[PDB]
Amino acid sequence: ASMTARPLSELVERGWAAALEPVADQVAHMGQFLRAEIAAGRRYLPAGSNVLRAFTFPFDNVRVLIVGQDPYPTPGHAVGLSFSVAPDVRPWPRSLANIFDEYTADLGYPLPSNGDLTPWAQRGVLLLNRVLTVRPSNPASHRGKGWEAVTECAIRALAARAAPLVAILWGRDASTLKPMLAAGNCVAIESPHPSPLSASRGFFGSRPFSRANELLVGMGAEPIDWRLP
């Protein structure tokens, strides 16, 4: 399960292993980066086994991509699926409480029971971050350390599939993927990030879930069942 030691055919789902072939060396380089962080006395999140978790759901099944910045910086929050937390986590991270506030306003569903977004992943929503690791307590600490090439390759591969795609890009780092979504089978929703620092600039009221479903149906795709327990 180590990115430095084992090839993509072992680490990620078959479709993803082929999609990410251009960045195979880059993923191994990120394994070396995290080895060097530990050797230097710094930690990272999420756990090594969860870093590539978004790519363990089938490539061919992705209909919607949600992109954030980087993983939760608090130990015990990040699980390798962007914005998701383990079902026993409480209180919810503030960004996730803001996502669920907009989920209820948009869809009219009750507040979810917990912060586990695996139902979305299991229904063709890719829960990605622009950067896939962070140092504990230090948001954006791994920006510019080599993940951007990996997530760029992930978007370009999705966008090249003979399939509709809708992208929801939360915040400025996620927005740097907008150029790779130019093709006519792809459409991108962009808003400020749901973080308390940015949410009041346009995340609240952005209705991303109903918009993504109108877009999927407009391209002849099935809408996402967003409903969480």
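Under this definition, the rigid core comprises the largest set of C-alpha atoms superposing within 1.5 Å between the forms. All residue numbers refer to positions in the sequence shown, first residue = 1.
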query	finding
Greatest C-alpha divergence in 9 other deposited structures of this protein once each structure is fitted on the rigid core, 160 to 168 or 187 to 195	187 to 195
Segment of greater CA departure in 9 other deposited structures of this protein, 216 to 224 or 201 to 209, core superposed	201 to 209
67 to 75 versus 83 to 91 - greater average Cα B-factor per the deposited record	83 to 91
Segment of higher mean CA temperature factor, 185 to 193 or 31 to 39	185 to 193
Options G108, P136, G115, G124 - largest CA temperature factor per the record	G108
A162, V62, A167, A174, ranked by C-alpha B-factor: the highest one	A162
Ranked C-alpha temperature factor of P208 among modelled chain residues, by third	lowest
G202 by Cα B-factor - lowest, middle or highest third of the modelled chain	middle
Lowest, middle or highest third - CA B-factor, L11	highest
B-factor third for the C-alpha atom of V217 within its chain	highest
